[PDB]
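Every residue, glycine among them, receives a Cβ derived from its backbone with ideal geometry; neighbour counts consider all protein chains shown. All of this is worked out from the model, or read from it or from the source named; none is laboratory data.
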Amino acid sequence: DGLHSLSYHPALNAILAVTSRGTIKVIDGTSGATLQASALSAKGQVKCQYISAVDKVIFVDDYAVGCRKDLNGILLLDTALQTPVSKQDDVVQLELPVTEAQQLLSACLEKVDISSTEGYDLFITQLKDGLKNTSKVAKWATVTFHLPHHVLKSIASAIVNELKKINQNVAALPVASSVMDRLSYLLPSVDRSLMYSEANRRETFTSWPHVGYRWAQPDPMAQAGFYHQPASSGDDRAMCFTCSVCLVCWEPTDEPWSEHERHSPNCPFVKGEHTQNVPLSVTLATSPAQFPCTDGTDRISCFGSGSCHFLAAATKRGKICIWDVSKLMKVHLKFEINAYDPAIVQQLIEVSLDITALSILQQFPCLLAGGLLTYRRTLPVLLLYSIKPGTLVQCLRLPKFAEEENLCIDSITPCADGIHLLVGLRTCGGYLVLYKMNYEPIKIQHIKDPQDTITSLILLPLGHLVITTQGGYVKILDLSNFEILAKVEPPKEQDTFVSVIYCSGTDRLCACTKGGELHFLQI
């Protein structure tokens, strides 16, 4: 069919290719064998770029920005672009690994009698057929529940309750806890029973007085199973969700697991038993997509990330969202872009503004968007907004030729080395202008050939660059003087290369053609 894009996961050895059909194909980065072919449950072009600074796979559809981390060495893709529902009657989608699917199916068929629960027949039917169909591809296989939120929640709660009643520690208890927590997140609409998930325990620590401790920090404390339930001012009261242990008056040398084990070796969580715990690793690996707009009505045009703890996106209506994507993907700031700004009204020398490229800069942090102003003439410019909010720090008019050459920005990437910013301009056959980061350009280059119009950028570590041109020729290159290292040519009529990526783990570059083939180029 066609791939149309590419990204690479270094923590894994998986190449995440988009497909012209809107699905995502994960193929092996060492042998090129297909590991999985999963549709993200999206609603338009599908984005899949893995971000290295944040260490997460950021998917984007026209409407929502999914952000899935890896778990147990794979990614759960079947619902990366599923957004939270509002009514319990709404059918949620929820994928489980084949192994966890077997855990749940067995514990339902051999361990408990949660049958007669609302919509139990649909649940068992889906699990059975999912496991039958799938009967290294196995490590990535999954089974997806498509069930009314209440059916899935009731069945998960029933399984948890019965597995807690029989008290026989079976693998299905954590799987049902994971299903329950995922549902809790899919319907956003101290309680000791809500601490079975690592995220809840972490959020409990908001008043932890020992932020200076090397090992007793809230993140490790929640990881070890503790949650903070202060009883008085400055009270460092940490209780385990399942153990019933309670600890106080911590010391700098304390380490969560150490104190937990010495103070209660019998805890099922400390022993590594199959408890109800839902680690942050499963929350991050299945968190639901999030709309940038307060309604999600618009289309998404930009999903630029920063070298920094931050992701950003822009919608066609001028609303821009910025997520503290460190772990929790909590929306950090949403603001509005208005072309009639004090900076823009001057730098223009009726009007509308459309953002087309985004980026955030780090070694005070700033959001650097690329915009096209449309009076009626047009002009591509840079826009430096604040984050730490919505105040347009600097509108930067690009050199004069962009006024009449009918160009719009198409990419903005931080320099491979840093302290430098490469901007690219295409027509609404292009320009590459390099700015020195400002803690007019410091360099410029013009491309004239219509078969050398850029169609991608990898910006290998002024570092290096690897693009793909309209002619289908990737031009692995160095930015110091713009020297072509190897303008590889498309294979066979010709099958034009459409994108490239670099495998930090295997050192072999990958190229993907429009036709959908994959070629390994050595460097």
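Quickly run through region 398-414 and pick out the residues that are at negative phi, in a loop (DSSP other than H, G, I, E, B) and surrounded by fewer than 20 Cβ atoms within 10 Å (Cβ to Cβ). Once the filter is applied, which keeps residues that are at negative phi, in a loop (DSSP other than H, G, I, E, B) and surrounded by fewer than 20 Cβ atoms within 10 Å (Cβ to Cβ), region 398-414 yields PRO399, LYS400, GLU405. For region 188-209, a residue qualifies if it is of a type in the set (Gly, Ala, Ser) and within 25 Å of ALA289 (Cα to Cα), and the qualifying residues are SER189, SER197, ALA199. When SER287 is tested against (1) buried (at least 20 other Cβ atoms within 10 Å of the Cβ); (2) in the same structural domain as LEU425 (by TED's automatic domain parsing), just one condition goes unmet, and that condition is (2).
Results for (1) farther than 27 Å from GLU95 by Cα; (2) in a helix (DSSP H, G or I), shown as yes or no for each residue.
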position	(1), (2)
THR286	no, no
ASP295	no, no
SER301	yes, no
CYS308	yes, no
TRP323	no, no
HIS332	yes, no
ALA343	yes, yes
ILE349	yes, no
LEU353	yes, no
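Output yes when any residue across region 189-201 is more than 24 Å from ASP113 (Cβ to Cβ) and touching a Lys or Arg at 6+ places or on another chain (Cβ under 7 Å), and no when none is. Among the residues of region 189-201, at least one is more than 24 Å from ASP113 (Cβ to Cβ) and touching a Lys or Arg at 6+ places or on another chain (Cβ under 7 Å), which makes the answer yes. With respect to being within 30 Å of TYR227 (Cβ to Cβ) and aliphatic (A, V, I, L, M), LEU358 falls outside the description.
Would you say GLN470 is under 19 Å from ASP410 (Cβ atoms), among the polar types (S, T, N, Q) and over 29 Å from the mean Cα position of the chain (by Cα)? Steps first, please.
Numbers: under 19 Å from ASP410 (Cβ atoms): yes; among the polar types (S, T, N, Q): yes; over 29 Å from the mean Cα position of the chain (by Cα): no.
The answer is no for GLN470.
Just one residue in the set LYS87, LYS69, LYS139, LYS132 is assigned by TED's automatic domain parsing to the domain that holds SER177, under 28 Å from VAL54 (Cα atoms) and loosely packed, with under 14 Cβ neighbours inside 10 Å; that residue is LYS139.
Checking each residue in region 355-397 for being of a type in the set (S, T, N, Q) and not in a strand (DSSP E or B) picks out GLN362, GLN363, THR391.
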